[PDB]
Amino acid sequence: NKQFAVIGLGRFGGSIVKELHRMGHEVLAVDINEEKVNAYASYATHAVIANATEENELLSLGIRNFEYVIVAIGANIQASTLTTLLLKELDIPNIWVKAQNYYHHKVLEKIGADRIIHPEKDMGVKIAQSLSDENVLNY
């Protein structure tokens, strides 16, 4: 109960919502855009329309009660940092954030983010790893 919450349902965020659901996990999916919230209705325990930067909507959401909260806001560094800021204020156990660039990463580190994700770069490392496995582990 109330273990995972994902804010920002783009390619990255919506993808963790789907995988979680597939794995049988309950998940809180949120976005400011309603068309996005309706797109993940069949995958989330609860899919709410909310502005993550709004300190009150965060309360109506009950976000203070989640062990992990993922901020997957995309090309909006401000909404992303602001949200992570409020989350850190609600003392959320684990806040993971998708970073847009170096600058964003630098502020997130000090803003409270426990883990920063750089999709492009990070996948680059995992692809390198798969390549190595193909030969090293020989297969």
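The first residue of the sequence shown is number 1, and the count goes up from there. We call the rigid core whatever largest set of C-alpha positions still superposes within 1.5 Å between the two forms.
Taken in 5 other deposited structures of this protein and fitted on the core, 127-135 and 19-27 differ in how far their Cα atoms move from the shown form, and the one that moves more is 127-135. Annotation for 98-106 versus 84-92: the higher mean temperature factor (C-alpha) is found in 84-92. A summary of the deposited B-factors shows that, of 70-78 and 35-43, the stretch with the larger mean C-alpha value is 35-43. Ranked against the other modelled residues of its chain, the C-alpha B-factor of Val30 as given in the entry falls in the lowest third. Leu137 sits in the highest third of its chain by CA B factor, as recorded in the PDB entry.
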